[PDB]
$ cat structure10.pdb   # PDB, C-alpha atoms
MODEL        1
ATOM      1  CA  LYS A 337       9.177 -13.250  37.377  1.00  0.00           C
ATOM      2  CA  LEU A 338      10.068 -10.772  34.594  1.00  0.00           C
ATOM      3  CA  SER A 339       7.714 -12.707  32.322  1.00  0.00           C
ATOM      4  CA  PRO A 340       3.964 -12.666  31.665  1.00  0.00           C
ATOM      5  CA  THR A 341       3.311 -14.710  34.799  1.00  0.00           C
ATOM      6  CA  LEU A 342       1.842 -13.776  38.161  1.00  0.00           C
ATOM      7  CA  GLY A 343       1.001 -15.379  41.491  1.00  0.00           C
ATOM      8  CA  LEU A 344      -1.609 -14.008  43.870  1.00  0.00           C
ATOM      9  CA  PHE A 345      -2.335 -14.107  47.592  1.00  0.00           C
ATOM     10  CA  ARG A 346      -5.462 -14.674  49.657  1.00  0.00           C
ATOM     11  CA  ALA A 347      -5.380 -11.946  52.300  1.00  0.00           C
ATOM     12  CA  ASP A 348      -7.671 -11.748  55.315  1.00  0.00           C
ATOM     13  CA  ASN A 349      -7.978  -8.053  56.132  1.00  0.00           C
ATOM     14  CA  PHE A 350      -6.314  -4.718  55.444  1.00  0.00           C
ATOM     15  CA  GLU A 351      -3.640  -5.365  58.061  1.00  0.00           C
ATOM     16  CA  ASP A 352      -3.077  -8.962  56.974  1.00  0.00           C
ATOM     17  CA  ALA A 353      -2.406  -7.690  53.472  1.00  0.00           C
ATOM     18  CA  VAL A 354      -0.099  -4.995  54.851  1.00  0.00           C
ATOM     19  CA  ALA A 355       1.915  -7.546  56.809  1.00  0.00           C
ATOM     20  CA  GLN A 356       2.200  -9.855  53.817  1.00  0.00           C
ATOM     21  CA  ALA A 357       3.212  -6.868  51.711  1.00  0.00           C
ATOM     22  CA  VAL A 358       6.046  -5.780  53.995  1.00  0.00           C
ATOM     23  CA  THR A 359       7.294  -9.332  54.313  1.00  0.00           C
ATOM     24  CA  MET A 360       7.046  -9.608  50.563  1.00  0.00           C
ATOM     25  CA  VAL A 361       9.079  -6.524  49.791  1.00  0.00           C
ATOM     26  CA  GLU A 362      11.970  -7.334  52.067  1.00  0.00           C
ATOM     27  CA  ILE A 363      12.733 -10.372  49.894  1.00  0.00           C
ATOM     28  CA  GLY A 364      13.687  -8.060  47.053  1.00  0.00           C
ATOM     29  CA  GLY A 365      16.125  -6.303  49.367  1.00  0.00           C
ATOM     30  CA  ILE A 366      15.559  -3.009  47.534  1.00  0.00           C
ATOM     31  CA  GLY A 367      12.641  -0.759  48.316  1.00  0.00           C
ATOM     32  CA  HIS A 368      11.601   0.306  44.825  1.00  0.00           C
ATOM     33  CA  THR A 369       7.856   0.368  44.161  1.00  0.00           C
ATOM     34  CA  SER A 370       4.561  -0.677  45.670  1.00  0.00           C
ATOM     35  CA  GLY A 371       0.899  -0.374  44.759  1.00  0.00           C
ATOM     36  CA  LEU A 372      -2.434   0.174  46.488  1.00  0.00           C
ATOM     37  CA  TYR A 373      -5.805  -0.322  44.814  1.00  0.00           C
ATOM     38  CA  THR A 374      -8.560   1.077  46.981  1.00  0.00           C
ATOM     39  CA  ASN A 375     -11.281   3.630  47.420  1.00  0.00           C
ATOM     40  CA  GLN A 376      -9.601   6.968  47.735  1.00  0.00           C
ATOM     41  CA  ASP A 377     -11.566   9.688  49.547  1.00  0.00           C
ATOM     42  CA  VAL A 378     -13.487   7.478  51.958  1.00  0.00           C
ATOM     43  CA  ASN A 379     -10.214   6.016  53.269  1.00  0.00           C
ATOM     44  CA  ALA A 380      -7.313   8.334  54.012  1.00  0.00           C
ATOM     45  CA  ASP A 381      -6.519   6.560  57.254  1.00  0.00           C
ATOM     46  CA  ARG A 382      -5.982   3.455  55.148  1.00  0.00           C
ATOM     47  CA  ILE A 383      -3.931   5.403  52.622  1.00  0.00           C
ATOM     48  CA  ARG A 384      -1.259   6.457  54.938  1.00  0.00           C
ATOM     49  CA  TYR A 385      -1.513   3.598  57.368  1.00  0.00           C
ATOM     50  CA  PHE A 386      -0.315   1.640  54.335  1.00  0.00           C
ATOM     51  CA  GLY A 387       2.130   4.392  53.484  1.00  0.00           C
ATOM     52  CA  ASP A 388       3.500   4.238  57.014  1.00  0.00           C
ATOM     53  CA  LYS A 389       4.343   0.549  56.904  1.00  0.00           C
ATOM     54  CA  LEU A 390       5.667   0.313  53.378  1.00  0.00           C
ATOM     55  CA  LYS A 391       9.256   1.257  52.638  1.00  0.00           C
ATOM     56  CA  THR A 392       9.754   0.988  48.917  1.00  0.00           C
ATOM     57  CA  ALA A 393      11.172   3.882  46.996  1.00  0.00           C
ATOM     58  CA  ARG A 394       7.791   4.944  45.758  1.00  0.00           C
ATOM     59  CA  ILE A 395       4.104   4.371  46.502  1.00  0.00           C
ATOM     60  CA  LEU A 396       1.383   4.469  43.843  1.00  0.00           C
ATOM     61  CA  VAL A 397      -2.340   4.271  44.621  1.00  0.00           C
ATOM     62  CA  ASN A 398      -4.818   3.049  42.000  1.00  0.00           C
ATOM     63  CA  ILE A 399      -2.104   3.336  39.344  1.00  0.00           C
ATOM     64  CA  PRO A 400      -0.079   0.901  37.216  1.00  0.00           C
ATOM     65  CA  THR A 401       3.665   1.034  37.846  1.00  0.00           C
ATOM     66  CA  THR A 402       4.598   1.678  34.217  1.00  0.00           C
ATOM     67  CA  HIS A 403       4.625   4.335  31.519  1.00  0.00           C
ATOM     68  CA  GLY A 404       2.092   4.919  28.757  1.00  0.00           C
ATOM     69  CA  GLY A 405      -1.682   4.887  29.033  1.00  0.00           C
ATOM     70  CA  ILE A 406      -3.871   7.230  27.004  1.00  0.00           C
ATOM     71  CA  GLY A 407      -2.056  10.135  25.390  1.00  0.00           C
ATOM     72  CA  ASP A 408       0.889  11.544  27.304  1.00  0.00           C
ATOM     73  CA  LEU A 409       1.817   8.847  29.829  1.00  0.00           C
ATOM     74  CA  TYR A 410       0.287   7.045  32.834  1.00  0.00           C
ATOM     75  CA  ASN A 411       1.451   8.493  34.937  1.00  0.00           C
ATOM     76  CA  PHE A 412       2.462  11.457  32.792  1.00  0.00           C
ATOM     77  CA  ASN A 413       5.145  12.947  35.073  1.00  0.00           C
ATOM     78  CA  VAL A 414       7.417  10.321  36.640  1.00  0.00           C
ATOM     79  CA  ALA A 415      10.917   8.958  36.281  1.00  0.00           C
ATOM     80  CA  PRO A 416      11.150   5.556  34.589  1.00  0.00           C
ATOM     81  CA  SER A 417      11.109   2.382  36.638  1.00  0.00           C
ATOM     82  CA  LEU A 418      14.775   2.143  35.656  1.00  0.00           C
ATOM     83  CA  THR A 419      17.345   4.860  36.497  1.00  0.00           C
ATOM     84  CA  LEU A 420      16.777   4.086  40.215  1.00  0.00           C
ATOM     85  CA  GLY A 421      20.007   3.000  41.895  1.00  0.00           C
ATOM     86  CA  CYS A 422      21.574   3.099  45.333  1.00  0.00           C
ATOM     87  CA  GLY A 423      25.032   3.180  46.836  1.00  0.00           C
ATOM     88  CA  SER A 424      24.116   0.189  48.998  1.00  0.00           C
ATOM     89  CA  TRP A 425      22.357  -3.117  48.430  1.00  0.00           C
ATOM     90  CA  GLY A 426      21.905  -4.019  51.996  1.00  0.00           C
ATOM     91  CA  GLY A 427      18.333  -3.767  53.057  1.00  0.00           C
ATOM     92  CA  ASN A 428      15.655  -1.097  52.936  1.00  0.00           C
ATOM     93  CA  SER A 429      18.044   0.671  50.535  1.00  0.00           C
ATOM     94  CA  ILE A 430      15.574   3.135  49.063  1.00  0.00           C
ATOM     95  CA  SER A 431      16.599   3.724  45.459  1.00  0.00           C
ATOM     96  CA  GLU A 432      17.315   7.250  44.266  1.00  0.00           C
ATOM     97  CA  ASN A 433      17.273   8.317  40.654  1.00  0.00           C
ATOM     98  CA  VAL A 434      20.572   9.523  39.215  1.00  0.00           C
ATOM     99  CA  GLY A 435      21.647  13.096  38.578  1.00  0.00           C
ATOM    100  CA  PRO A 436      24.733  14.890  37.272  1.00  0.00           C
ATOM    101  CA  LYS A 437      25.846  16.044  40.728  1.00  0.00           C
ATOM    102  CA  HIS A 438      26.402  12.346  41.312  1.00  0.00           C
ATOM    103  CA  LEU A 439      28.721  12.678  38.299  1.00  0.00           C
ATOM    104  CA  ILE A 440      30.446  15.969  39.127  1.00  0.00           C
ATOM    105  CA  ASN A 441      33.030  17.153  41.658  1.00  0.00           C
ATOM    106  CA  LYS A 442      32.906  20.320  43.729  1.00  0.00           C
ATOM    107  CA  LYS A 443      34.891  23.424  44.544  1.00  0.00           C
ATOM    108  CA  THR A 444      34.512  26.316  46.838  1.00  0.00           C
ATOM    109  CA  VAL A 445      37.280  28.850  47.060  1.00  0.00           C
ATOM    110  CA  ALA A 446      37.056  31.184  50.020  1.00  0.00           C
ATOM    111  CA  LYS A 447      38.394  34.697  49.809  1.00  0.00           C
TER     112      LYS A 447
ATOM    113  CA  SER B 784     -33.072   3.192   9.998  1.00  0.00           C
ATOM    114  CA  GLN B 785     -36.400   1.446  10.202  1.00  0.00           C
ATOM    115  CA  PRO B 786     -38.174   2.508  13.417  1.00  0.00           C
ATOM    116  CA  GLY B 787     -38.069  -1.148  14.419  1.00  0.00           C
ATOM    117  CA  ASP B 788     -34.387  -2.043  14.122  1.00  0.00           C
ATOM    118  CA  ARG B 789     -31.435  -3.429  15.980  1.00  0.00           C
ATOM    119  CA  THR B 790     -28.121  -1.611  16.123  1.00  0.00           C
ATOM    120  CA  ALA B 791     -26.250  -3.640  13.505  1.00  0.00           C
ATOM    121  CA  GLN B 792     -29.193  -3.170  11.157  1.00  0.00           C
ATOM    122  CA  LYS B 793     -28.788   0.584  11.474  1.00  0.00           C
ATOM    123  CA  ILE B 794     -25.030   0.184  11.083  1.00  0.00           C
ATOM    124  CA  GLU B 795     -25.211  -1.676   7.785  1.00  0.00           C
ATOM    125  CA  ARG B 796     -27.757   0.881   6.621  1.00  0.00           C
ATOM    126  CA  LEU B 797     -25.261   3.576   7.577  1.00  0.00           C
ATOM    127  CA  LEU B 798     -22.348   2.263   5.661  1.00  0.00           C
ATOM    128  CA  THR B 799     -24.472   1.166   2.731  1.00  0.00           C
ATOM    129  CA  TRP B 800     -25.627   4.771   2.615  1.00  0.00           C
ATOM    130  CA  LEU B 801     -22.040   5.922   2.444  1.00  0.00           C
ATOM    131  CA  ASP B 802     -21.268   3.138  -0.039  1.00  0.00           C
ATOM    132  CA  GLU B 803     -23.450   4.146  -2.931  1.00  0.00           C
ATOM    133  CA  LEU B 804     -23.279   7.742  -1.783  1.00  0.00           C
ATOM    134  CA  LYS B 805     -19.591   7.696  -2.621  1.00  0.00           C
ATOM    135  CA  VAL B 806     -20.598   5.715  -5.693  1.00  0.00           C
ATOM    136  CA  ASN B 807     -22.536   8.808  -6.717  1.00  0.00           C
ATOM    137  CA  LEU B 808     -19.338  10.859  -6.866  1.00  0.00           C
ATOM    138  CA  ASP B 809     -17.479   8.654  -9.332  1.00  0.00           C
ATOM    139  CA  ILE B 810     -14.597   7.258  -7.303  1.00  0.00           C
ATOM    140  CA  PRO B 811     -12.797   3.909  -7.571  1.00  0.00           C
ATOM    141  CA  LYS B 812     -13.832   1.241  -5.115  1.00  0.00           C
ATOM    142  CA  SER B 813     -10.527  -0.612  -4.810  1.00  0.00           C
ATOM    143  CA  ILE B 814      -7.157   1.079  -4.650  1.00  0.00           C
ATOM    144  CA  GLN B 815      -6.032  -1.098  -7.539  1.00  0.00           C
ATOM    145  CA  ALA B 816      -8.930   0.514  -9.386  1.00  0.00           C
ATOM    146  CA  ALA B 817      -7.311   3.744  -8.210  1.00  0.00           C
ATOM    147  CA  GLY B 818      -4.226   2.838 -10.243  1.00  0.00           C
ATOM    148  CA  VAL B 819      -1.583   1.453  -7.879  1.00  0.00           C
ATOM    149  CA  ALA B 820       0.997  -1.217  -8.604  1.00  0.00           C
ATOM    150  CA  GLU B 821       0.169  -3.826  -5.993  1.00  0.00           C
ATOM    151  CA  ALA B 822       3.263  -6.039  -5.964  1.00  0.00           C
ATOM    152  CA  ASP B 823       5.200  -3.230  -4.275  1.00  0.00           C
ATOM    153  CA  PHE B 824       2.085  -2.429  -2.264  1.00  0.00           C
ATOM    154  CA  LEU B 825       2.519  -5.803  -0.607  1.00  0.00           C
ATOM    155  CA  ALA B 826       6.287  -5.302  -0.589  1.00  0.00           C
ATOM    156  CA  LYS B 827       6.143  -2.096   1.427  1.00  0.00           C
ATOM    157  CA  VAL B 828       2.807  -2.135   3.275  1.00  0.00           C
ATOM    158  CA  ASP B 829       4.761  -3.915   5.988  1.00  0.00           C
ATOM    159  CA  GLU B 830       6.629  -0.826   7.203  1.00  0.00           C
ATOM    160  CA  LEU B 831       3.798   1.375   6.002  1.00  0.00           C
ATOM    161  CA  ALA B 832       1.714  -0.313   8.703  1.00  0.00           C
ATOM    162  CA  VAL B 833       4.284   0.065  11.453  1.00  0.00           C
ATOM    163  CA  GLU B 834       4.531   3.801  10.937  1.00  0.00           C
ATOM    164  CA  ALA B 835       0.762   3.829  10.450  1.00  0.00           C
ATOM    165  CA  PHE B 836       0.522   2.565  14.022  1.00  0.00           C
ATOM    166  CA  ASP B 837       2.318   5.336  15.880  1.00  0.00           C
ATOM    167  CA  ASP B 838       1.587   8.248  13.517  1.00  0.00           C
ATOM    168  CA  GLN B 839      -0.125  10.373  16.172  1.00  0.00           C
ATOM    169  CA  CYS B 840      -3.121   8.010  16.204  1.00  0.00           C
ATOM    170  CA  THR B 841      -2.636   8.233  19.266  1.00  0.00           C
ATOM    171  CA  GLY B 842      -5.305   9.057  18.421  1.00  0.00           C
ATOM    172  CA  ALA B 843      -8.582   9.113  20.249  1.00  0.00           C
ATOM    173  CA  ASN B 844      -9.252   5.754  18.618  1.00  0.00           C
ATOM    174  CA  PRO B 845     -11.323   3.921  21.228  1.00  0.00           C
ATOM    175  CA  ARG B 846      -9.656   0.583  20.476  1.00  0.00           C
ATOM    176  CA  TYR B 847      -6.054  -0.420  20.104  1.00  0.00           C
ATOM    177  CA  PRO B 848      -4.968  -1.569  16.697  1.00  0.00           C
ATOM    178  CA  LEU B 849      -1.965  -3.813  16.357  1.00  0.00           C
ATOM    179  CA  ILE B 850       0.252  -4.131  13.308  1.00  0.00           C
ATOM    180  CA  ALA B 851      -1.659  -7.175  12.077  1.00  0.00           C
ATOM    181  CA  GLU B 852      -5.102  -5.589  11.767  1.00  0.00           C
ATOM    182  CA  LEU B 853      -3.783  -2.578   9.857  1.00  0.00           C
ATOM    183  CA  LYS B 854      -2.345  -4.937   7.276  1.00  0.00           C
ATOM    184  CA  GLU B 855      -5.654  -6.782   6.910  1.00  0.00           C
ATOM    185  CA  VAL B 856      -7.475  -3.498   6.437  1.00  0.00           C
ATOM    186  CA  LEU B 857      -4.979  -2.189   3.907  1.00  0.00           C
ATOM    187  CA  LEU B 858      -5.141  -5.296   1.749  1.00  0.00           C
ATOM    188  CA  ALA B 859      -8.939  -5.487   1.983  1.00  0.00           C
ATOM    189  CA  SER B 860      -9.342  -1.841   0.997  1.00  0.00           C
ATOM    190  CA  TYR B 861      -6.871  -2.145  -1.869  1.00  0.00           C
ATOM    191  CA  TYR B 862      -8.906  -5.023  -3.263  1.00  0.00           C
ATOM    192  CA  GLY B 863     -12.159  -3.370  -2.233  1.00  0.00           C
ATOM    193  CA  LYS B 864     -12.688  -6.291   0.074  1.00  0.00           C
ATOM    194  CA  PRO B 865     -14.894  -5.954   3.174  1.00  0.00           C
ATOM    195  CA  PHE B 866     -12.773  -6.123   6.323  1.00  0.00           C
ATOM    196  CA  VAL B 867     -15.014  -8.399   8.377  1.00  0.00           C
ATOM    197  CA  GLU B 868     -14.291 -11.005  11.045  1.00  0.00           C
TER     198      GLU B 868
ENDMDL
END

$ encode --input "structure10.pdb" --output "structure tokens"
Amino acid sequence: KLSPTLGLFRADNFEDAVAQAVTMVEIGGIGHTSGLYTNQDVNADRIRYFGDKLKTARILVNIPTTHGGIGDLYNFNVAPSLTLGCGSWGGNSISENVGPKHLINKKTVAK
Amino acid sequence: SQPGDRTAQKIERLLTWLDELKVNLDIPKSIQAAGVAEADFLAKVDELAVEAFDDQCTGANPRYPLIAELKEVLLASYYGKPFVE
């Protein structure tokens, strides 16, 4: 939407929401980001059940997917939502942030 | 505060206290009374406020300000006006 608009879903259970989530991501065609809001040390099974199914680039739990909360940043150590590209579009193409080795050519000389 | 009070009662007592307390120490009550040309005040308060936003305030201020409210406060203080809404 890229605008101050949002649509919601009515999920049934944890697994219903997971299924809708996976189906929802694939539409983007790029696995970039996804978010879980839940209780955190009563449910670890849920944590990584969800982590197991989801293939975005990056999973955040109980966190907004942006930069700048109180003080330093929320979250305060993370690459920006931009800067995440891939050499393929196709599907499940998990974005990787860019680095100078992607911009630099190699040499080894053997003696 | 009176022993039987509500919060806002105590609050107005508080800042009244500071009001004529700072009266006691012989200070102007509007920044125009402090001796400032106000035409340029209005002219340049605009960017004054924008840098006033991000000047490390940031800031344990419990509430966000936005550029608008700063400007209201600045004009009210310059005229000694009570910033109230």

$ interface_residues --input "structure10.pdb" --of "chain B" --to "chain A" --cutoff "9 Å" --atoms "only C-alpha atoms" --output "ChimeraX atom specification"
/B:841-843

$ residues_around --input "structure10.pdb" --residues "stretch 353-356 of chain A" --least-positions-apart "5" --cutoff "10 Å" --atoms "only C-alpha atoms" --output "VMD selection string"
chain A and resid 345 to 348 361 385 to 387 389 to 390

$ write_last_selection --input "structure10.pdb" --atoms "C-alpha atoms" --output "short mmCIF file (atom, residue, chain, number, x, y, z; two decimals), in the coordinates of the input"
data_model
loop_
_atom_site.label_atom_id
_atom_site.label_comp_id
_atom_site.auth_asym_id
_atom_site.auth_seq_id
_atom_site.Cartn_x
_atom_site.Cartn_y
_atom_site.Cartn_z
CA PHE A 345 -2.34 -14.11 47.59
CA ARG A 346 -5.46 -14.67 49.66
CA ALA A 347 -5.38 -11.95 52.30
CA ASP A 348 -7.67 -11.75 55.32
CA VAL A 361 9.08 -6.52 49.79
CA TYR A 385 -1.51 3.60 57.37
CA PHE A 386 -0.32 1.64 54.34
CA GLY A 387 2.13 4.39 53.48
CA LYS A 389 4.34 0.55 56.90
CA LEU A 390 5.67 0.31 53.38
#

$ residues_around --input "structure10.pdb" --residues "residue B:833" --least-positions-apart "6" --cutoff "10 Å" --atoms "all atoms listed in the file" --output "list in words"
residues 849, 850, 851, 853 and 854 of chain B

$ resolve_selection --input "structure10.pdb" --expression "the PyMOL selection byres ((chain A and resi 431) around 6)" --output "PyMOL selection string"
chain A and resi 393+420-422+430+432

$ closest_residue --input "structure10.pdb" --among "B:784, B:837, B:862, B:818" --to "residue B:798" --atoms "only C-alpha atoms"
B:784

$ atom_distance --input "structure10.pdb" --atom1 "atom CA of residue B:852" --atom2 "atom CA of residue B:832"
9.1 Å

$ closest_residue --input "structure10.pdb" --among "B:836, B:861, B:800, B:847" --to "residue B:817" --atoms "all atoms listed in the file"
B:861

$ resolve_selection --input "structure10.pdb" --expression "the PyMOL selection byres ((chain B and resi 868) around 12)" --output "PyMOL selection string"
chain B and resi 852+855-856+859+865-867

$ atom_distance --input "structure10.pdb" --atom1 "atom CA of residue A:433" --atom2 "atom CA of residue A:376"
27.8 Å

$ atom_distance --input "structure10.pdb" --atom1 "atom CA of residue A:374" --atom2 "atom CA of residue B:844"
28.8 Å

$ residues_around --input "structure10.pdb" --residues "residue A:373" --least-positions-apart "5" --cutoff "8 Å" --atoms "only C-alpha atoms" --output "PDB file with C-alpha atoms, keeping the file's coordinate frame"
ATOM      1  CA  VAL A 397      -2.340   4.271  44.621  1.00  0.00           C
ATOM      2  CA  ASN A 398      -4.818   3.049  42.000  1.00  0.00           C
ATOM      3  CA  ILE A 399      -2.104   3.336  39.344  1.00  0.00           C
TER       4      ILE A 399
END

$ resolve_selection --input "structure10.pdb" --expression "the PyMOL selection byres ((chain A and resi 392) around 6)" --output "MDAnalysis selection string"
chainID A and resid 367:369 391 393:394

$ build_atoms --input "structure10.pdb" --residues "stretch 358-381 of chain A" --atoms "N, CA, C and O atoms" --output "PDB file, in the frame of the given file"
ATOM      1  N   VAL A 358       4.739  -6.158  53.467  1.00  0.00           N
ATOM      2  CA  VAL A 358       6.046  -5.780  53.995  1.00  0.00           C
ATOM      3  C   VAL A 358       6.991  -6.970  53.952  1.00  0.00           C
ATOM      4  O   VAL A 358       8.149  -6.874  53.488  1.00  0.00           O
ATOM      5  N   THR A 359       6.507  -8.117  54.429  1.00  0.00           N
ATOM      6  CA  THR A 359       7.294  -9.332  54.313  1.00  0.00           C
ATOM      7  C   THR A 359       7.632  -9.618  52.864  1.00  0.00           C
ATOM      8  O   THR A 359       8.678 -10.181  52.569  1.00  0.00           O
ATOM      9  N   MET A 360       6.764  -9.249  51.939  1.00  0.00           N
ATOM     10  CA  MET A 360       7.046  -9.608  50.563  1.00  0.00           C
ATOM     11  C   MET A 360       8.134  -8.711  50.011  1.00  0.00           C
ATOM     12  O   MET A 360       9.000  -9.160  49.253  1.00  0.00           O
ATOM     13  N   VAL A 361       8.113  -7.434  50.391  1.00  0.00           N
ATOM     14  CA  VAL A 361       9.079  -6.524  49.791  1.00  0.00           C
ATOM     15  C   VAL A 361      10.462  -6.890  50.262  1.00  0.00           C
ATOM     16  O   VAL A 361      11.401  -6.926  49.460  1.00  0.00           O
ATOM     17  N   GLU A 362      10.611  -7.204  51.557  1.00  0.00           N
ATOM     18  CA  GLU A 362      11.970  -7.334  52.067  1.00  0.00           C
ATOM     19  C   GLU A 362      12.765  -8.370  51.286  1.00  0.00           C
ATOM     20  O   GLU A 362      13.996  -8.284  51.230  1.00  0.00           O
ATOM     21  N   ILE A 363      12.074  -9.331  50.672  1.00  0.00           N
ATOM     22  CA  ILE A 363      12.733 -10.372  49.894  1.00  0.00           C
ATOM     23  C   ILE A 363      13.517  -9.764  48.744  1.00  0.00           C
ATOM     24  O   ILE A 363      14.629 -10.205  48.427  1.00  0.00           O
ATOM     25  N   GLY A 364      12.954  -8.744  48.099  1.00  0.00           N
ATOM     26  CA  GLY A 364      13.687  -8.060  47.053  1.00  0.00           C
ATOM     27  C   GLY A 364      14.967  -7.424  47.555  1.00  0.00           C
ATOM     28  O   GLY A 364      15.957  -7.348  46.823  1.00  0.00           O
ATOM     29  N   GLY A 365      14.966  -6.950  48.799  1.00  0.00           N
ATOM     30  CA  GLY A 365      16.125  -6.303  49.367  1.00  0.00           C
ATOM     31  C   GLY A 365      16.292  -4.860  48.965  1.00  0.00           C
ATOM     32  O   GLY A 365      17.115  -4.156  49.563  1.00  0.00           O
ATOM     33  N   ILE A 366      15.541  -4.395  47.971  1.00  0.00           N
ATOM     34  CA  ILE A 366      15.559  -3.009  47.534  1.00  0.00           C
ATOM     35  C   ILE A 366      14.137  -2.481  47.587  1.00  0.00           C
ATOM     36  O   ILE A 366      13.233  -3.059  46.975  1.00  0.00           O
ATOM     37  N   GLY A 367      13.942  -1.382  48.303  1.00  0.00           N
ATOM     38  CA  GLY A 367      12.641  -0.759  48.316  1.00  0.00           C
ATOM     39  C   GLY A 367      12.470   0.112  47.094  1.00  0.00           C
ATOM     40  O   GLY A 367      12.998   1.224  47.042  1.00  0.00           O
ATOM     41  N   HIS A 368      11.726  -0.377  46.104  1.00  0.00           N
ATOM     42  CA  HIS A 368      11.601   0.306  44.825  1.00  0.00           C
ATOM     43  C   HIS A 368      10.195   0.835  44.576  1.00  0.00           C
ATOM     44  O   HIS A 368      10.014   2.036  44.373  1.00  0.00           O
ATOM     45  N   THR A 369       9.184  -0.027  44.603  1.00  0.00           N
ATOM     46  CA  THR A 369       7.856   0.368  44.161  1.00  0.00           C
ATOM     47  C   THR A 369       6.813  -0.478  44.872  1.00  0.00           C
ATOM     48  O   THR A 369       7.029  -1.663  45.134  1.00  0.00           O
ATOM     49  N   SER A 370       5.664   0.131  45.160  1.00  0.00           N
ATOM     50  CA  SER A 370       4.561  -0.677  45.670  1.00  0.00           C
ATOM     51  C   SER A 370       3.226  -0.001  45.396  1.00  0.00           C
ATOM     52  O   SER A 370       3.157   1.229  45.285  1.00  0.00           O
ATOM     53  N   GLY A 371       2.175  -0.813  45.308  1.00  0.00           N
ATOM     54  CA  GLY A 371       0.899  -0.374  44.759  1.00  0.00           C
ATOM     55  C   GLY A 371      -0.307  -0.690  45.624  1.00  0.00           C
ATOM     56  O   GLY A 371      -0.445  -1.805  46.145  1.00  0.00           O
ATOM     57  N   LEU A 372      -1.201   0.288  45.728  1.00  0.00           N
ATOM     58  CA  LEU A 372      -2.434   0.174  46.488  1.00  0.00           C
ATOM     59  C   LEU A 372      -3.615   0.424  45.569  1.00  0.00           C
ATOM     60  O   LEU A 372      -3.661   1.444  44.876  1.00  0.00           O
ATOM     61  N   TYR A 373      -4.567  -0.504  45.558  1.00  0.00           N
ATOM     62  CA  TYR A 373      -5.805  -0.322  44.814  1.00  0.00           C
ATOM     63  C   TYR A 373      -6.949  -0.294  45.812  1.00  0.00           C
ATOM     64  O   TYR A 373      -7.219  -1.295  46.485  1.00  0.00           O
ATOM     65  N   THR A 374      -7.611   0.852  45.907  1.00  0.00           N
ATOM     66  CA  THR A 374      -8.560   1.077  46.981  1.00  0.00           C
ATOM     67  C   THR A 374      -9.450   2.256  46.636  1.00  0.00           C
ATOM     68  O   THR A 374      -9.177   3.017  45.706  1.00  0.00           O
ATOM     69  N   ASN A 375     -10.519   2.393  47.411  1.00  0.00           N
ATOM     70  CA  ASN A 375     -11.281   3.630  47.420  1.00  0.00           C
ATOM     71  C   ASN A 375     -10.427   4.718  48.057  1.00  0.00           C
ATOM     72  O   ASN A 375      -9.570   4.439  48.897  1.00  0.00           O
ATOM     73  N   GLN A 376     -10.653   5.961  47.647  1.00  0.00           N
ATOM     74  CA  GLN A 376      -9.601   6.968  47.735  1.00  0.00           C
ATOM     75  C   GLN A 376      -9.941   8.169  48.621  1.00  0.00           C
ATOM     76  O   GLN A 376      -9.052   8.733  49.263  1.00  0.00           O
ATOM     77  N   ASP A 377     -11.200   8.610  48.632  1.00  0.00           N
ATOM     78  CA  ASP A 377     -11.566   9.688  49.547  1.00  0.00           C
ATOM     79  C   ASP A 377     -12.562   9.248  50.606  1.00  0.00           C
ATOM     80  O   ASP A 377     -13.181  10.103  51.244  1.00  0.00           O
ATOM     81  N   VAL A 378     -12.767   7.948  50.783  1.00  0.00           N
ATOM     82  CA  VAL A 378     -13.487   7.478  51.958  1.00  0.00           C
ATOM     83  C   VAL A 378     -12.461   6.983  52.967  1.00  0.00           C
ATOM     84  O   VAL A 378     -12.716   6.962  54.176  1.00  0.00           O
ATOM     85  N   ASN A 379     -11.283   6.616  52.474  1.00  0.00           N
ATOM     86  CA  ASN A 379     -10.214   6.016  53.269  1.00  0.00           C
ATOM     87  C   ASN A 379      -8.954   6.838  53.039  1.00  0.00           C
ATOM     88  O   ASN A 379      -8.298   6.683  52.013  1.00  0.00           O
ATOM     89  N   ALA A 380      -8.647   7.746  53.962  1.00  0.00           N
ATOM     90  CA  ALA A 380      -7.313   8.334  54.012  1.00  0.00           C
ATOM     91  C   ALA A 380      -6.475   7.702  55.106  1.00  0.00           C
ATOM     92  O   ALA A 380      -5.255   7.522  54.945  1.00  0.00           O
ATOM     93  N   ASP A 381      -7.137   7.355  56.209  1.00  0.00           N
ATOM     94  CA  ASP A 381      -6.519   6.560  57.254  1.00  0.00           C
ATOM     95  C   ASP A 381      -5.846   5.336  56.663  1.00  0.00           C
ATOM     96  O   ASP A 381      -4.679   5.057  56.948  1.00  0.00           O
TER      97      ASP A 381
END
